[PDB]
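So basically every Cβ, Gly included, is an ideal-geometry build from the backbone, and we count neighbours across all protein chains shown. Read the figures in this text as sums done on the coordinates, not as results from a lab.
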């Protein structure tokens, strides 16, 4: 359960504002998809549609 | 609409007999949404409310008046909504 | 009525243990609380018991 995680971590080839923003979005969504607590995971489907909801479960 | 409630239900079932804490926060708004929406989601909201009541059992006392008022208002000879309300 | 009988002694066992709820129960906010027509939460545990 840490193959996608490693790819989301060690990309680090971004060269633009949008590229780093995409890195952030991918990192955030992935963290929700796989979480020990079931309550957080259930929100994943909504986050993909509404971004402002992300950046609130990030911490 | 849908996802927002679809998640909430899943939380309650997972928590067990501890979701009661969140009743004052959720219930006042939830009912207010049913009175002001489109004909395309009322049945789904009623079904989800039924599931919520099933999970919460006796701690649903203070909201029964508003629930009953809603059922009174939205009971019509239409065949579809009647089965949902009967199951509720 | 030949088979007369009587009762002479009474034992009153009370497992109250005021102030703490056992794991099995989750209680409503008002809840029912009177015991022998006394509210146990208006005093101290020993006096109420």
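For chain B, the ratio of Cα radius of gyration to the globular rule of thumb 2.2 N^0.38 Å stands at 1.07.
Quick one: helix B:42-56 against the long Cα principal axis of chain B, what's the angle to the nearest 10°, folded into 0 to 90? That helix lies at roughly 30 degrees to the long axis. Per residue, the protein assembly as shown reaches -14500 deg cm²/dmol at 222 nm when only DSSP H runs of four or more residues are counted, each adding -39500 (n - 2.57).
Remark: spin-label model distance residue C:2-residue A:48 equals 8.8 nm, labels positioned 7 Å along the Cα→Cβ axis. Approximating the spin labels as points 7 Å out from Cα along Cα→Cβ, the residue B:17-to-residue A:2 distance works out to 3.9 nm. Between the helical axis of A:17-33 and the longest alpha-carbon principal axis of chain A there is an angle of about 30 degrees.
The angle between the Cα long axis of helix B:2-15 and the longest principal axis of the Cα atoms of chain B comes to about 40 degrees, rounded to the nearest 10. The radius of gyration of the Cα set in chain A, together with its Dmax, comes out at 11.8, 35 angstrom. Approximating the spin labels as points 7 Å out from Cα along Cα→Cβ, the residue B:35-to-residue C:21 distance works out to 3.1 nm.
Shape of segment B:45-88 from the C-alpha gyration tensor: oblate (a/c of 1.5 or more and a/b not above b/c, with a ≥ b ≥ c the square roots of its eigenvalues). Overall shape: prolate for chain C, with the ratio a/c of the largest to smallest alpha carbon gyration tensor axis at 1.5 or above and a/b above b/c. Can you grab the distance from the C-alpha centre of segment A:1-26 to the C-alpha centre of segment B:8-39, Å, no decimals? Result: 36 Å between the Cα centres. According to the square roots a ≥ b ≥ c of the eigenvalues of the Cα gyration tensor, what is the shape class of the protein assembly as shown, taking rounded for a/c under 1.5, prolate for a/b larger than b/c otherwise, and oblate for the remainder? Oblate, because a/c is 1.5 or more while a/b does not exceed b/c.
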